[PDB]
Each structure stands twice: as structure tokens, then as C-alpha cells.
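Data first, discussion second: the structure below is written as C-alpha cells.
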Amino acid sequence: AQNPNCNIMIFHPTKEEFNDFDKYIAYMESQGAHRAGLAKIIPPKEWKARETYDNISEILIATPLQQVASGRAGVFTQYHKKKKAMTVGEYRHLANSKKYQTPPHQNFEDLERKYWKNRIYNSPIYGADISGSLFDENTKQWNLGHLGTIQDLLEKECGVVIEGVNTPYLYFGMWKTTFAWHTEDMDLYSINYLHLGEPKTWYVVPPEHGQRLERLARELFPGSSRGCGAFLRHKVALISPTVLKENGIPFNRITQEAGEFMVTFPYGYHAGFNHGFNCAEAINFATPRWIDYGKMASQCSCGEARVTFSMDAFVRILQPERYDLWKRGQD
Ligand SMILES: O=C(O)CNC(=O)C(=O)O
Ligand SMILES: [Mg+2]
Ligand code: NI
Ligand SMILES: [Zn+2]
């Protein structure tokens, strides 16, 4: 078995190897990458996502989210308070302000220490989940707006034709902006490209050990667990590396820098934080190996997780028993 300790792997494809996205994913899995839940892909030196970022300041963040924490430093939830719209130029200036800017630090480890010590005492503003793309249309390789769609994959593997679409999303971050512990909708893959700015630190639990993280989460967030049998779908819970180590949960960490891709694999729980002002683009995708994960994915039916139009078909086809109850949740 390849990668039996479930380490995060880093790949350096050549420009030739960068042509065929599907083929490269399948290669990385042949080497065991999926066992970690997360891989890094460094693009060939010849590749670029677009020519410059000089002209992005006029993108609108219609609903910036202030991430307000509750709990203790290593075990907390966050709620998202909606804020007034602002442009990316306005958001960048706010990220760089004395109130929100990255503190002085020695290196990424020192910054990580400071994040976990102090995150809860601040409420950073995240421009998350903005439909759009920063890839140039002429970028032909690993252009996250030109991937094969999940609906097309389902149709190719299973024969069934379904409604829905699959488009990318932009994330504008600042220091301490946080993504809570989650897997993707329907335990899909994700791919995330850091277009510019400061790094993003990731934590990940191997898919084969995801239920260990779930059981800890039920212990640590006991009211939320009684409320919903899949409350990590709400994407609000944080648990620090220190707490994971104290409870014996297997995990790994890695820091993504500008110009690098990350892939999350089916049922790979992940969480993390931004180091400073940045912009990432991410989209969900599928392969043949996902189908079985999709059929087994948990679902929130309490009503909190509220998701996309296109998830309806995935539930309807892959999980027809759960469909009725899940749809009651979504209405
Ligand atoms: O970058 C973020 O805030 C969150 N991204 C992801 O969870 C992802 O790409 O799967
Ligand atoms: Mg602009
Ligand atoms: Ni994710
Ligand atoms: Zn729920």
C-alpha cells in the first residue's frame, strides 16, 4: 500500500504532465496521495494563472463575514456576522490596517502559535464564497473554471443525466480568517489555488480516520451533536492541533503559499487559517473513485447546512433513501 502513514505529499508536475488534469489526479492517487486527505501541487515554472493581479480591486465582496468566536482557545465555534459590501481594494486596506494586520513574527511556526493562542480574541472579516474566477481564459492547464463538471462525471460513470452546474468560488482572506473542520459537500474533492498574497495553513485528517475526528467533535461540542447527526456540515467548529494530539487524532499540517495548488480528497476533513491578506480560488470536482464516497456521505437534515442547487441531484441519485428527509432540511 502506498503512503501507509498518510503523509501529505507534494508534487512537482512537468509542463507535459500538467496537460491532463484527470490523468495527474489518478497518478497522485497511484502514489498514495489521497491517504493523507490533502496534497500540494507546485505548478511547472512555465505556467501562470494569469498575467498580473494588478486589476482586481474592483471585485465586490457583497457579503463580507465577520468570524466571531466562542469557546476556549483550542476548542471553539465561529459564527458569521454579515457586514456591509465592500470592494477587494477596500477589503485589502482593512486587512492591512493596524486592527487586522498580521503581527510581527519569526516564521510560520511562530505565527501558528500566535494563531492558536489568540484567534478567539479577534473577529477577522472573510470575503468567502464569491462566485467567480481569476484564471485567464487563455490558461489551458489547471484552469479551475474549465474543469470537467461533477454532473458530467456522474453521467459518464453512472449513465444518469442530471441538472446542475459546477463553478468556482473566490476567497479573500486576512490574518486569522478561519475555515472550520469539514469535508466537502457530498464528500467531493476540492482543489484550491492561492492566487496571491499571504499563506494559508491547512490541517487534515486522513479519510480512513475521519470517524475518529467525528467522535471527538461529538464529545467536544455535545449540544451541537444532539442537534444534528452531521453538525460538522455546518462548518463552524474548530479544534486545535494541541487538542487533536491530546486526544490521539491522526492529522497532518502544511502551509500553502501563493502560486500553489492544494487538493483535498473525498472524506478528508480539513481546517485552517490565513496568514494575512490573500486571495484563493476553489472548486469541487469528482473522479470515478469519488462515487462510492458520495453514496455514503453524511448529511445535515436539521436545516443549518443549507447548500447549493446542484447538491439536490447528487442526493436524489446517490442517496434516494435520504432524499425526502434531506430535502425537508433544505426547505
Ligand atoms: O480556503 C478556504 O477558506 C476554504 N477552502 C476549502 O475548504 C477548500 O478549498 O476545500
Ligand atoms: Mg477589478
Ligand atoms: Ni474545503
Ligand atoms: Zn445540521
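Points worth noting:
- Filtered residues of segment 151-184 (kept if away from ligand 4 (no atom under 16 Å from the Cβ) and under 30 Å from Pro103 (Cα atoms)): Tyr169, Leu170, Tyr171, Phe172, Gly173, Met174, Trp175, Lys176, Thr177, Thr178, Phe179
- Considering residues of segment 219-240 that are within 13 Å of ligand 4 (Cβ to nearest atom) and free of Cβ contacts under 8 Å to residues at least 40 places away in the same chain only, the residue surrounded by the fewest Cβ atoms within 10 Å (Cβ to Cβ): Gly223
- Out of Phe309, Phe277, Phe251, sole residue that is aromatic (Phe, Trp, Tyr), out of contact with any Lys or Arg (no Cβ under 9 Å at 6 or more places or on another chain), in contact (Cβ under 8 Å) with a residue 12 or more places away in the chain and away from ligand 3 (no atom under 14 Å from the Cβ): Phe309
- Qualifying residue in segment 109-117 (condition: in contact (Cβ under 8 Å) with a residue 40 or more places away in the chain and more than 20 Å from the chain's Cα centre (by Cα)): yes
- When the residues of segment 281-297 are filtered to those that are among the hydrophobic types (A, V, I, L, M, F, W, C) and under 10 Å from the mean Cα position of the chain (by Cα), the one that is farthest from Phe179 (Cα to Cα) is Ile283.
- Condition broken by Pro124, with the remaining ones in (1) buried (at least 20 other Cβ atoms within 10 Å of the Cβ); (2) out of contact with any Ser or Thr (no Cβ under 7 Å at 6 or more places or on another chain) satisfied: (2)
- Consider segment 82-108 and keep the residues that are touching a residue at least 12 places away in the same chain (Cβ under 8 Å), in a helix (DSSP H, G or I) and more than 14 Å from ligand 2 (Cβ to nearest atom). The one that is nearest to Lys176 (Cα to Cα) is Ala95.
Because the Cβ atoms are built from the backbone with ideal geometry, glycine has one as well, and the counts that use them run over all protein chains shown. Only the coordinates and a few stated rules stand behind these numbers; no lab work does.
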